[PDB]
file structure.tsv (TSV, N, CA and C atoms)
chain	number	residue	atom	x	y	z
U	1	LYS	N	-21.18	13.22	18.87
U	1	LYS	CA	-22.65	13.32	18.87
U	1	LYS	C	-23.11	14.49	19.72
U	2	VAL	N	-22.74	14.50	21.00
U	2	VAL	CA	-23.29	15.43	21.97
U	2	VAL	C	-22.17	16.31	22.50
U	3	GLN	N	-22.36	17.63	22.42
U	3	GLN	CA	-21.38	18.60	22.90
U	3	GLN	C	-22.08	19.70	23.67
U	4	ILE	N	-21.79	19.80	24.96
U	4	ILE	CA	-22.54	20.64	25.88
U	4	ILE	C	-21.58	21.53	26.65
U	5	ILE	N	-21.88	22.83	26.70
U	5	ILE	CA	-21.25	23.74	27.65
U	5	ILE	C	-22.33	24.25	28.57
U	6	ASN	N	-22.08	24.21	29.88
U	6	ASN	CA	-23.00	24.76	30.86
U	6	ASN	C	-22.25	25.72	31.77
U	7	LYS	N	-22.67	26.99	31.74
U	7	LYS	CA	-22.11	28.01	32.61
U	7	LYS	C	-23.22	28.64	33.42
U	8	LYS	N	-23.04	28.68	34.74
U	8	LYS	CA	-24.03	29.22	35.66
U	8	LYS	C	-23.34	30.17	36.63
U	9	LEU	N	-23.95	31.32	36.87
U	9	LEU	CA	-23.49	32.27	37.88
U	9	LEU	C	-24.60	32.44	38.90
U	10	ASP	N	-24.33	32.03	40.14
U	10	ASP	CA	-25.32	32.06	41.20
U	10	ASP	C	-25.05	33.22	42.14
U	11	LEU	N	-26.09	34.02	42.38
U	11	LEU	CA	-26.03	35.16	43.29
U	11	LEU	C	-27.32	35.19	44.09
U	12	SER	N	-27.19	35.13	45.41
U	12	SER	CA	-28.35	34.91	46.26
U	12	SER	C	-28.13	35.53	47.63
U	13	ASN	N	-29.18	36.16	48.15
U	13	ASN	CA	-29.26	36.53	49.55
U	13	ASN	C	-30.46	35.84	50.18
U	14	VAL	N	-30.31	35.46	51.45
U	14	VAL	CA	-31.43	35.02	52.26
U	14	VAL	C	-31.40	35.87	53.52
U	15	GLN	N	-32.25	36.89	53.54
U	15	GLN	CA	-32.30	37.83	54.65
U	15	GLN	C	-33.64	37.66	55.35
U	16	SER	N	-33.60	37.11	56.56
U	16	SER	CA	-34.81	36.86	57.34
U	16	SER	C	-34.77	37.68	58.62
U	17	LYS	N	-35.95	37.93	59.19
U	17	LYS	CA	-36.05	38.69	60.42
U	17	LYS	C	-36.58	37.80	61.54
U	18	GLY	N	-27.25	45.79	55.34
U	18	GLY	CA	-26.83	45.74	53.95
U	18	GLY	C	-26.31	44.37	53.55
U	19	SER	N	-25.88	44.25	52.29
U	19	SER	CA	-25.27	43.05	51.74
U	19	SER	C	-24.57	43.41	50.45
U	20	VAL	N	-23.33	42.94	50.28
U	20	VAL	CA	-22.53	43.23	49.09
U	20	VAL	C	-21.82	41.96	48.66
U	21	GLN	N	-22.04	41.55	47.41
U	21	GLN	CA	-21.26	40.51	46.75
U	21	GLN	C	-21.04	40.95	45.31
U	22	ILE	N	-19.79	41.17	44.94
U	22	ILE	CA	-19.43	41.72	43.64
U	22	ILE	C	-18.61	40.69	42.88
U	23	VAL	N	-18.89	40.56	41.58
U	23	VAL	CA	-17.98	39.92	40.65
U	23	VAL	C	-17.43	40.99	39.73
U	24	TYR	N	-16.11	41.05	39.62
U	24	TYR	CA	-15.39	42.18	39.05
U	24	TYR	C	-14.56	41.68	37.89
U	25	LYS	N	-15.05	41.95	36.67
U	25	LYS	CA	-14.43	41.51	35.42
U	25	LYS	C	-14.20	40.00	35.32
U	26	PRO	N	-15.23	39.18	35.14
U	26	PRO	CA	-14.98	37.79	34.77
U	26	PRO	C	-14.86	37.64	33.25
U	27	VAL	N	-13.94	36.76	32.84
U	27	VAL	CA	-13.72	36.44	31.44
U	27	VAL	C	-13.74	34.93	31.32
U	28	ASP	N	-14.64	34.41	30.49
U	28	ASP	CA	-14.85	32.98	30.37
U	28	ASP	C	-14.72	32.55	28.92
U	29	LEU	N	-13.89	31.53	28.68
U	29	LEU	CA	-13.75	30.92	27.36
U	29	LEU	C	-13.90	29.42	27.52
U	30	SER	N	-14.62	28.79	26.60
U	30	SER	CA	-14.84	27.35	26.63
U	30	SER	C	-14.55	26.76	25.26
U	31	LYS	N	-13.48	25.97	25.16
U	31	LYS	CA	-13.01	25.47	23.88
U	31	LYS	C	-12.98	23.95	23.89
U	32	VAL	N	-13.96	23.32	23.24
U	32	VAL	CA	-14.01	21.87	23.13
U	32	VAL	C	-14.20	21.49	21.67
U	33	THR	N	-13.24	20.76	21.13
U	33	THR	CA	-13.23	20.40	19.72
U	33	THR	C	-13.09	18.90	19.60
U	34	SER	N	-13.26	18.41	18.37
U	34	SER	CA	-12.95	17.03	18.01
U	34	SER	C	-12.25	16.94	16.67
U	35	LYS	N	-11.51	15.84	16.47
U	35	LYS	CA	-10.81	15.61	15.22
U	35	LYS	C	-11.10	14.21	14.69
B	1	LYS	N	-24.04	15.62	15.84
B	1	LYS	CA	-25.51	15.69	15.83
B	1	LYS	C	-26.02	16.84	16.69
B	2	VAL	N	-25.66	16.83	17.98
B	2	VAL	CA	-26.24	17.73	18.96
B	2	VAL	C	-25.15	18.62	19.52
B	3	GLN	N	-25.37	19.93	19.47
B	3	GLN	CA	-24.41	20.91	19.97
B	3	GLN	C	-25.15	21.98	20.76
B	4	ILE	N	-24.88	22.06	22.06
B	4	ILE	CA	-25.66	22.87	22.98
B	4	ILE	C	-24.72	23.77	23.78
B	5	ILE	N	-25.06	25.05	23.86
B	5	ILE	CA	-24.46	25.96	24.83
B	5	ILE	C	-25.56	26.43	25.75
B	6	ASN	N	-25.32	26.36	27.06
B	6	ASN	CA	-26.27	26.87	28.04
B	6	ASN	C	-25.56	27.83	28.98
B	7	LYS	N	-26.01	29.09	28.97
B	7	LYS	CA	-25.47	30.10	29.87
B	7	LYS	C	-26.61	30.70	30.68
B	8	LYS	N	-26.45	30.70	32.00
B	8	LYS	CA	-27.46	31.21	32.92
B	8	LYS	C	-26.80	32.15	33.91
B	9	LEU	N	-27.44	33.29	34.17
B	9	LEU	CA	-27.02	34.22	35.20
B	9	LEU	C	-28.15	34.35	36.22
B	10	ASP	N	-27.88	33.92	37.44
B	10	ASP	CA	-28.88	33.90	38.50
B	10	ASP	C	-28.65	35.05	39.46
B	11	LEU	N	-29.71	35.82	39.71
B	11	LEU	CA	-29.69	36.94	40.63
B	11	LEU	C	-30.99	36.93	41.42
B	12	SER	N	-30.87	36.85	42.74
B	12	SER	CA	-32.04	36.58	43.58
B	12	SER	C	-31.85	37.17	44.96
B	13	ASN	N	-32.92	37.77	45.48
B	13	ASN	CA	-33.03	38.12	46.89
B	13	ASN	C	-34.22	37.38	47.48
B	14	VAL	N	-34.08	36.98	48.74
B	14	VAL	CA	-35.19	36.49	49.54
B	14	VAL	C	-35.20	37.33	50.81
B	15	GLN	N	-36.07	38.32	50.84
B	15	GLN	CA	-36.16	39.24	51.97
B	15	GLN	C	-37.50	39.02	52.65
B	16	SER	N	-37.47	38.45	53.85
B	16	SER	CA	-38.68	38.16	54.61
B	16	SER	C	-38.68	38.96	55.90
B	17	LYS	N	-39.86	39.17	56.46
B	17	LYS	CA	-40.00	39.89	57.71
B	17	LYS	C	-40.52	38.97	58.80
B	18	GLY	N	-31.30	47.30	52.89
B	18	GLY	CA	-30.86	47.28	51.50
B	18	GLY	C	-30.30	45.93	51.08
B	19	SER	N	-29.85	45.85	49.83
B	19	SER	CA	-29.21	44.67	49.26
B	19	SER	C	-28.51	45.08	47.98
B	20	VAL	N	-27.26	44.64	47.82
B	20	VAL	CA	-26.45	44.97	46.65
B	20	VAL	C	-25.70	43.72	46.20
B	21	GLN	N	-25.90	43.34	44.94
B	21	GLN	CA	-25.08	42.33	44.27
B	21	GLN	C	-24.86	42.79	42.84
B	22	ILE	N	-23.60	43.05	42.50
B	22	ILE	CA	-23.25	43.64	41.21
B	22	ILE	C	-22.39	42.64	40.43
B	23	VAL	N	-22.65	42.53	39.13
B	23	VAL	CA	-21.71	41.93	38.20
B	23	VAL	C	-21.18	43.04	37.31
B	24	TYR	N	-19.86	43.12	37.21
B	24	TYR	CA	-19.16	44.28	36.68
B	24	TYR	C	-18.31	43.82	35.52
B	25	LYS	N	-18.78	44.11	34.30
B	25	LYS	CA	-18.14	43.71	33.05
B	25	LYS	C	-17.87	42.21	32.92
B	26	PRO	N	-18.88	41.36	32.72
B	26	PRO	CA	-18.59	40.00	32.31
B	26	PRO	C	-18.45	39.87	30.80
B	27	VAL	N	-17.51	39.03	30.38
B	27	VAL	CA	-17.26	38.74	28.98
B	27	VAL	C	-17.25	37.23	28.83
B	28	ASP	N	-18.13	36.71	27.97
B	28	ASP	CA	-18.30	35.28	27.82
B	28	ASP	C	-18.15	34.88	26.36
B	29	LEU	N	-17.29	33.89	26.11
B	29	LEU	CA	-17.12	33.31	24.79
B	29	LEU	C	-17.23	31.80	24.92
B	30	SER	N	-17.94	31.17	23.97
B	30	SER	CA	-18.12	29.73	23.97
B	30	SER	C	-17.80	29.18	22.59
B	31	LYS	N	-16.71	28.41	22.49
B	31	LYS	CA	-16.21	27.94	21.20
B	31	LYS	C	-16.15	26.43	21.19
B	32	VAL	N	-17.10	25.79	20.51
B	32	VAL	CA	-17.12	24.34	20.37
B	32	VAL	C	-17.29	23.99	18.90
B	33	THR	N	-16.30	23.29	18.35
B	33	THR	CA	-16.27	22.96	16.94
B	33	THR	C	-16.09	21.46	16.79
B	34	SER	N	-16.24	21.00	15.55
B	34	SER	CA	-15.89	19.63	15.17
B	34	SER	C	-15.17	19.58	13.83
B	35	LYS	N	-14.41	18.50	13.62
B	35	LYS	CA	-13.69	18.32	12.38
B	35	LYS	C	-13.94	16.92	11.81
S	1	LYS	N	-26.94	18.03	12.81
S	1	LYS	CA	-28.41	18.07	12.78
S	1	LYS	C	-28.95	19.18	13.66
S	2	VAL	N	-28.61	19.16	14.95
S	2	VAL	CA	-29.22	20.02	15.94
S	2	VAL	C	-28.16	20.92	16.54
S	3	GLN	N	-28.41	22.23	16.51
S	3	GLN	CA	-27.48	23.23	17.04
S	3	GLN	C	-28.25	24.26	17.84
S	4	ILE	N	-27.99	24.32	19.15
S	4	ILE	CA	-28.80	25.09	20.08
S	4	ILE	C	-27.90	25.99	20.91
S	5	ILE	N	-28.26	27.26	21.01
S	5	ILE	CA	-27.70	28.16	22.01
S	5	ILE	C	-28.82	28.58	22.93
S	6	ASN	N	-28.59	28.50	24.24
S	6	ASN	CA	-29.56	28.96	25.22
S	6	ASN	C	-28.88	29.92	26.18
S	7	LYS	N	-29.36	31.16	26.20
S	7	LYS	CA	-28.86	32.17	27.12
S	7	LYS	C	-30.02	32.72	27.93
S	8	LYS	N	-29.87	32.70	29.26
S	8	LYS	CA	-30.90	33.17	30.17
S	8	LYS	C	-30.28	34.10	31.19
S	9	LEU	N	-30.95	35.21	31.47
S	9	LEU	CA	-30.56	36.14	32.53
S	9	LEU	C	-31.70	36.21	33.53
S	10	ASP	N	-31.43	35.77	34.75
S	10	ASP	CA	-32.45	35.70	35.79
S	10	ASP	C	-32.25	36.83	36.79
S	11	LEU	N	-33.33	37.57	37.04
S	11	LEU	CA	-33.35	38.67	37.99
S	11	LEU	C	-34.65	38.61	38.76
S	12	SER	N	-34.55	38.51	40.08
S	12	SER	CA	-35.72	38.20	40.90
S	12	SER	C	-35.56	38.76	42.29
S	13	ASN	N	-36.64	39.32	42.82
S	13	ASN	CA	-36.78	39.63	44.23
S	13	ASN	C	-37.95	38.86	44.80
S	14	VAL	N	-37.82	38.43	46.05
S	14	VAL	CA	-38.93	37.90	46.82
S	14	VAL	C	-38.97	38.71	48.11
S	15	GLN	N	-39.86	39.68	48.16
S	15	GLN	CA	-39.98	40.57	49.30
S	15	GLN	C	-41.33	40.31	49.96
S	16	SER	N	-41.29	39.71	51.15
S	16	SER	CA	-42.50	39.38	51.89
S	16	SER	C	-42.53	40.14	53.20
S	17	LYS	N	-43.73	40.31	53.75
S	17	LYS	CA	-43.90	41.01	55.01
S	17	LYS	C	-44.40	40.05	56.08
S	18	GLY	N	-35.33	48.72	50.44
S	18	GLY	CA	-34.87	48.75	49.05
S	18	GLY	C	-34.28	47.42	48.62
S	19	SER	N	-33.82	47.37	47.37
S	19	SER	CA	-33.14	46.22	46.78
S	19	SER	C	-32.44	46.67	45.51
S	20	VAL	N	-31.17	46.27	45.36
S	20	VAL	CA	-30.36	46.65	44.20
S	20	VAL	C	-29.58	45.43	43.73
S	21	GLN	N	-29.76	45.07	42.46
S	21	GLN	CA	-28.91	44.09	41.78
S	21	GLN	C	-28.68	44.59	40.37
S	22	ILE	N	-27.43	44.89	40.04
S	22	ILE	CA	-27.08	45.51	38.77
S	22	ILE	C	-26.19	44.55	37.98
S	23	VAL	N	-26.44	44.47	36.67
S	23	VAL	CA	-25.47	43.90	35.74
S	23	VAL	C	-24.96	45.04	34.88
S	24	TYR	N	-23.64	45.16	34.80
S	24	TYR	CA	-22.96	46.35	34.30
S	24	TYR	C	-22.09	45.94	33.14
S	25	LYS	N	-22.55	46.24	31.92
S	25	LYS	CA	-21.89	45.88	30.67
S	25	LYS	C	-21.58	44.39	30.51
S	26	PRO	N	-22.58	43.53	30.28
S	26	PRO	CA	-22.25	42.17	29.85
S	26	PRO	C	-22.09	42.09	28.33
S	27	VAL	N	-21.12	41.27	27.91
S	27	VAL	CA	-20.85	41.03	26.50
S	27	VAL	C	-20.80	39.52	26.32
S	28	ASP	N	-21.66	39.00	25.44
S	28	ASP	CA	-21.80	37.56	25.26
S	28	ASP	C	-21.62	37.20	23.80
S	29	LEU	N	-20.74	36.23	23.53
S	29	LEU	CA	-20.54	35.69	22.20
S	29	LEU	C	-20.62	34.17	22.29
S	30	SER	N	-21.29	33.55	21.33
S	30	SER	CA	-21.44	32.10	21.30
S	30	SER	C	-21.09	31.59	19.91
S	31	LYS	N	-19.98	30.85	19.80
S	31	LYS	CA	-19.46	30.42	18.51
S	31	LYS	C	-19.36	28.91	18.46
S	32	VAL	N	-20.30	28.26	17.76
S	32	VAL	CA	-20.28	26.82	17.59
S	32	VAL	C	-20.42	26.49	16.11
S	33	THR	N	-19.41	25.83	15.56
S	33	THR	CA	-19.36	25.53	14.14
S	33	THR	C	-19.15	24.04	13.96
S	34	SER	N	-19.27	23.60	12.71
S	34	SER	CA	-18.88	22.26	12.31
S	34	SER	C	-18.15	22.25	10.97
S	35	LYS	N	-17.36	21.20	10.75
S	35	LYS	CA	-16.62	21.05	9.51
S	35	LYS	C	-16.83	19.66	8.91
call {"tool": "encode", "arguments": {"input": "structure.tsv", "output": "C-alpha cells"}}
result
Amino acid sequence: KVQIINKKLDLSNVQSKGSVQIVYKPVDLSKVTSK
Amino acid sequence: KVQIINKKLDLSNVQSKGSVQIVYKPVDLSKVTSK
Amino acid sequence: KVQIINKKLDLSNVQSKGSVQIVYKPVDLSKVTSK
C-alpha cells in the first residue's frame, strides 16, 4: 500500500556575537521492492 | 496504492550580532517498484 | 492509485544586526514504477 523514501541533507550554522562544512561526492541509491 | 519519494536539501545560516558550506557533486537515485 | 515525487532545495540566510553556500552540479533521478 504505502512506500516512502525520505532523504534529508542538513547544513546549518549558528553564528552569534569563517566556517567550512563540505560534502564531497555523495551517491545515494534507495531500492525497495515487493513481490 | 501510495508511492512517495521525498528529497530535501537544507542549507541555512543564522548570523546574529564569512560562511561557507558546499555540496560538491551529489548524485541521487530513488528506485521503488512493485510486482 | 497515487504516485508522488517531492523534491525540495532549501537555501536560506538569516542575517540580523558575507555569506556563501554553493551547490555544485547536483544530479537527481527518481524512478518509481509498478507492475
call {"tool": "calpha_fit_and_write", "arguments": {"input": "structure.tsv", "fixed": "chain S", "moving": "chain U", "output": "compact mmCIF listing (two decimals) with N, CA and C atoms, in the frame of the given file"}}
result
# COMPACT_ATOMS: atom_id res chain seq x y z
N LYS U 1 -26.94 18.04 12.81
CA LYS U 1 -28.41 18.07 12.78
C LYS U 1 -28.95 19.18 13.66
N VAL U 2 -28.61 19.15 14.95
CA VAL U 2 -29.22 20.02 15.94
C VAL U 2 -28.15 20.92 16.54
N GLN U 3 -28.40 22.23 16.51
CA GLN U 3 -27.48 23.23 17.05
C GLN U 3 -28.25 24.26 17.85
N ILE U 4 -27.99 24.32 19.15
CA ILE U 4 -28.80 25.08 20.08
C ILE U 4 -27.90 25.98 20.91
N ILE U 5 -28.26 27.26 21.01
CA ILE U 5 -27.70 28.16 22.01
C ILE U 5 -28.82 28.58 22.92
N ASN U 6 -28.60 28.50 24.24
CA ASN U 6 -29.56 28.96 25.22
C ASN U 6 -28.88 29.92 26.18
N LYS U 7 -29.36 31.17 26.20
CA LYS U 7 -28.86 32.17 27.12
C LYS U 7 -30.02 32.72 27.93
N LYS U 8 -29.87 32.71 29.25
CA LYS U 8 -30.90 33.16 30.17
C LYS U 8 -30.28 34.10 31.20
N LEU U 9 -30.95 35.21 31.47
CA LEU U 9 -30.56 36.14 32.53
C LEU U 9 -31.70 36.21 33.53
N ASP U 10 -31.43 35.76 34.76
CA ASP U 10 -32.45 35.70 35.79
C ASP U 10 -32.25 36.83 36.79
N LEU U 11 -33.33 37.57 37.03
CA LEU U 11 -33.35 38.68 37.99
C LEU U 11 -34.65 38.61 38.76
N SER U 12 -34.55 38.50 40.08
CA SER U 12 -35.72 38.19 40.89
C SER U 12 -35.56 38.76 42.29
N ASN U 13 -36.65 39.32 42.81
CA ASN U 13 -36.77 39.63 44.22
C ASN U 13 -37.95 38.86 44.80
N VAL U 14 -37.81 38.43 46.05
CA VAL U 14 -38.93 37.91 46.82
C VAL U 14 -38.97 38.70 48.11
N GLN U 15 -39.86 39.68 48.15
CA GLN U 15 -39.98 40.57 49.30
C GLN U 15 -41.33 40.31 49.96
N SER U 16 -41.29 39.71 51.15
CA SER U 16 -42.50 39.37 51.89
C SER U 16 -42.53 40.14 53.20
N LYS U 17 -43.73 40.31 53.75
CA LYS U 17 -43.89 41.01 55.01
C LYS U 17 -44.41 40.05 56.08
N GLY U 18 -35.33 48.72 50.44
CA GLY U 18 -34.88 48.75 49.06
C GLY U 18 -34.28 47.42 48.61
N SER U 19 -33.82 47.37 47.36
CA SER U 19 -33.14 46.23 46.78
C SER U 19 -32.43 46.67 45.52
N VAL U 20 -31.17 46.27 45.36
CA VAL U 20 -30.36 46.64 44.20
C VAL U 20 -29.58 45.43 43.74
N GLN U 21 -29.75 45.06 42.47
CA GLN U 21 -28.91 44.09 41.78
C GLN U 21 -28.68 44.60 40.37
N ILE U 22 -27.43 44.89 40.04
CA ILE U 22 -27.07 45.51 38.77
C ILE U 22 -26.19 44.55 37.99
N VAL U 23 -26.43 44.47 36.68
CA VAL U 23 -25.47 43.91 35.74
C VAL U 23 -24.95 45.04 34.88
N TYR U 24 -23.64 45.17 34.81
CA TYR U 24 -22.96 46.35 34.30
C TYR U 24 -22.08 45.94 33.14
N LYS U 25 -22.56 46.24 31.92
CA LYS U 25 -21.89 45.88 30.67
C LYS U 25 -21.59 44.39 30.51
N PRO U 26 -22.57 43.53 30.27
CA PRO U 26 -22.25 42.17 29.85
C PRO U 26 -22.09 42.09 28.33
N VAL U 27 -21.12 41.27 27.91
CA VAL U 27 -20.85 41.02 26.50
C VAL U 27 -20.80 39.52 26.32
N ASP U 28 -21.66 38.99 25.45
CA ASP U 28 -21.80 37.56 25.26
C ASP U 28 -21.62 37.20 23.80
N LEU U 29 -20.73 36.23 23.54
CA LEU U 29 -20.54 35.68 22.20
C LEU U 29 -20.62 34.17 22.29
N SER U 30 -21.29 33.55 21.33
CA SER U 30 -21.44 32.10 21.29
C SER U 30 -21.09 31.58 19.91
N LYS U 31 -19.99 30.85 19.80
CA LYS U 31 -19.47 30.43 18.51
C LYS U 31 -19.36 28.91 18.46
N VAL U 32 -20.30 28.26 17.76
CA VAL U 32 -20.28 26.82 17.59
C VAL U 32 -20.42 26.49 16.11
N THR U 33 -19.41 25.83 15.57
CA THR U 33 -19.36 25.53 14.14
C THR U 33 -19.14 24.05 13.96
N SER U 34 -19.26 23.60 12.71
CA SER U 34 -18.88 22.26 12.30
C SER U 34 -18.15 22.25 10.98
N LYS U 35 -17.35 21.20 10.75
CA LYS U 35 -16.62 21.05 9.51
C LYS U 35 -16.83 19.67 8.91
call {"tool": "atom_distance", "arguments": {"input": "structure.tsv", "atom1": "atom CA of residue 18 of chain U", "atom2": "atom C of residue 8 of chain S"}}
result
25.8 Å
call {"tool": "atom_distance", "arguments": {"input": "structure.tsv", "atom1": "atom CA of residue 20 of chain S", "atom2": "atom CA of residue 26 of chain U"}}
result
20.1 Å
call {"tool": "atom_distance", "arguments": {"input": "structure.tsv", "atom1": "atom CA of residue 14 of chain U", "atom2": "atom CA of residue 11 of chain S"}}
result
14.9 Å
call {"tool": "axis_aligned_box", "arguments": {"input": "structure.tsv", "around": "segment 5-17 of chain U", "padding_each_side": "8 Å", "output": "AutoDock Vina command-line options"}}
result
--center_x -28.9 --center_y 30.8 --center_z 44.1 --size_x 31.3 --size_y 31.9 --size_z 50.8
call {"tool": "residues_near_point", "arguments": {"input": "structure.tsv", "point": "(-23.6, 45.1, 38.1)", "cutoff": "6 Å", "atoms": "all atoms listed in the file", "output": "number ranges by chain"}}
result
B: 21-24; S: 21-24
call {"tool": "residues_around", "arguments": {"input": "structure.tsv", "residues": "residue 16 of chain U", "least_positions_apart": "6", "cutoff": "9 Å", "atoms": "only C-alpha atoms", "output": "list in words"}}
result
residues 14, 15, 16 and 17 of chain B
call {"tool": "select_by_dssp", "arguments": {"input": "structure.tsv", "residues": "segment 1-31 of chain S", "states": "strand (DSSP E)", "output": "CSV table (one decimal) with N, CA and C atoms, in the coordinates of the input"}}
result
chain,number,residue,atom,x,y,z
S,2,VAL,N,-28.6,19.2,15.0
S,2,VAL,CA,-29.2,20.0,15.9
S,2,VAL,C,-28.2,20.9,16.5
S,3,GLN,N,-28.4,22.2,16.5
S,3,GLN,CA,-27.5,23.2,17.0
S,3,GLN,C,-28.2,24.3,17.8
S,4,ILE,N,-28.0,24.3,19.2
S,4,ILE,CA,-28.8,25.1,20.1
S,4,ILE,C,-27.9,26.0,20.9
S,5,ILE,N,-28.3,27.3,21.0
S,5,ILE,CA,-27.7,28.2,22.0
S,5,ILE,C,-28.8,28.6,22.9
S,6,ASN,N,-28.6,28.5,24.2
S,6,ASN,CA,-29.6,29.0,25.2
S,6,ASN,C,-28.9,29.9,26.2
S,7,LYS,N,-29.4,31.2,26.2
S,7,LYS,CA,-28.9,32.2,27.1
S,7,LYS,C,-30.0,32.7,27.9
S,8,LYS,N,-29.9,32.7,29.3
S,8,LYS,CA,-30.9,33.2,30.2
S,8,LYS,C,-30.3,34.1,31.2
S,9,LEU,N,-31.0,35.2,31.5
S,9,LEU,CA,-30.6,36.1,32.5
S,9,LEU,C,-31.7,36.2,33.5
S,12,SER,N,-34.6,38.5,40.1
S,12,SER,CA,-35.7,38.2,40.9
S,12,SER,C,-35.6,38.8,42.3
S,13,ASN,N,-36.6,39.3,42.8
S,13,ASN,CA,-36.8,39.6,44.2
S,13,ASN,C,-38.0,38.9,44.8
S,14,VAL,N,-37.8,38.4,46.0
S,14,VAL,CA,-38.9,37.9,46.8
S,14,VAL,C,-39.0,38.7,48.1
S,15,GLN,N,-39.9,39.7,48.2
S,15,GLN,CA,-40.0,40.6,49.3
S,15,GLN,C,-41.3,40.3,50.0
S,20,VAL,N,-31.2,46.3,45.4
S,20,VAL,CA,-30.4,46.6,44.2
S,20,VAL,C,-29.6,45.4,43.7
S,21,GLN,N,-29.8,45.1,42.5
S,21,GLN,CA,-28.9,44.1,41.8
S,21,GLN,C,-28.7,44.6,40.4
S,22,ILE,N,-27.4,44.9,40.0
S,22,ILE,CA,-27.1,45.5,38.8
S,22,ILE,C,-26.2,44.6,38.0
S,23,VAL,N,-26.4,44.5,36.7
S,23,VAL,CA,-25.5,43.9,35.7
S,23,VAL,C,-25.0,45.0,34.9
S,24,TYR,N,-23.6,45.2,34.8
S,24,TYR,CA,-23.0,46.4,34.3
S,24,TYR,C,-22.1,45.9,33.1
S,27,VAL,N,-21.1,41.3,27.9
S,27,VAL,CA,-20.8,41.0,26.5
S,27,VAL,C,-20.8,39.5,26.3
S,28,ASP,N,-21.7,39.0,25.4
S,28,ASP,CA,-21.8,37.6,25.3
S,28,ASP,C,-21.6,37.2,23.8
S,29,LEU,N,-20.7,36.2,23.5
S,29,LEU,CA,-20.5,35.7,22.2
S,29,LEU,C,-20.6,34.2,22.3
S,30,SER,N,-21.3,33.6,21.3
S,30,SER,CA,-21.4,32.1,21.3
S,30,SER,C,-21.1,31.6,19.9
S,31,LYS,N,-20.0,30.8,19.8
S,31,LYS,CA,-19.5,30.4,18.5
S,31,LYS,C,-19.4,28.9,18.5
call {"tool": "residues_near_point", "arguments": {"input": "structure.tsv", "point": "(-27.1, 25.7, 18.3)", "cutoff": "7 Å", "atoms": "all atoms listed in the file", "output": "list in words"}}
result
residues 3, 4 and 5 of chain B; 2, 3, 4, 5, 6 and 32 of chain S
call {"tool": "decode", "arguments": {"input": "structure.tsv", "residues": "segment 11-24 of chain U", "atoms": "N, CA and C atoms", "output": "short mmCIF file (atom, residue, chain, number, x, y, z; two decimals), in the first residue's frame"}}
result
data_model
loop_
_atom_site.label_atom_id
_atom_site.label_comp_id
_atom_site.auth_asym_id
_atom_site.auth_seq_id
_atom_site.Cartn_x
_atom_site.Cartn_y
_atom_site.Cartn_z
N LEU U 11 22.33 21.22 6.65
CA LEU U 11 23.51 22.06 6.69
C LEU U 11 23.15 23.37 7.37
N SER U 12 23.84 23.68 8.46
CA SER U 12 23.42 24.77 9.33
C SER U 12 24.61 25.38 10.05
N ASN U 13 24.62 26.70 10.13
CA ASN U 13 25.49 27.43 11.04
C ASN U 13 24.64 28.23 12.00
N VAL U 14 25.12 28.35 13.24
CA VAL U 14 24.57 29.28 14.21
C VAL U 14 25.74 30.12 14.70
N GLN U 15 25.86 31.32 14.15
CA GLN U 15 26.96 32.22 14.48
C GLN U 15 26.38 33.42 15.20
N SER U 16 26.66 33.52 16.50
CA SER U 16 26.16 34.61 17.32
C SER U 16 27.32 35.43 17.86
N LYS U 17 27.04 36.68 18.21
CA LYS U 17 28.05 37.57 18.76
C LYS U 17 27.73 37.90 20.21
N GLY U 18 35.31 32.53 10.06
CA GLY U 18 34.85 31.69 8.96
C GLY U 18 34.12 30.45 9.44
N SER U 19 33.69 29.63 8.48
CA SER U 19 33.04 28.34 8.73
C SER U 19 33.05 27.54 7.44
N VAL U 20 33.44 26.27 7.53
CA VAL U 20 33.52 25.38 6.37
C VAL U 20 32.95 24.02 6.75
N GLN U 21 31.95 23.57 6.00
CA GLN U 21 31.45 22.19 6.06
C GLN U 21 31.14 21.76 4.64
N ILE U 22 31.86 20.76 4.16
CA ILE U 22 31.78 20.32 2.77
C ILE U 22 31.26 18.89 2.73
N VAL U 23 30.37 18.60 1.78
CA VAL U 23 30.07 17.24 1.38
C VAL U 23 30.62 17.04 -0.02
N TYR U 24 31.40 15.99 -0.20
CA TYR U 24 32.26 15.81 -1.36
C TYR U 24 31.88 14.51 -2.03
#
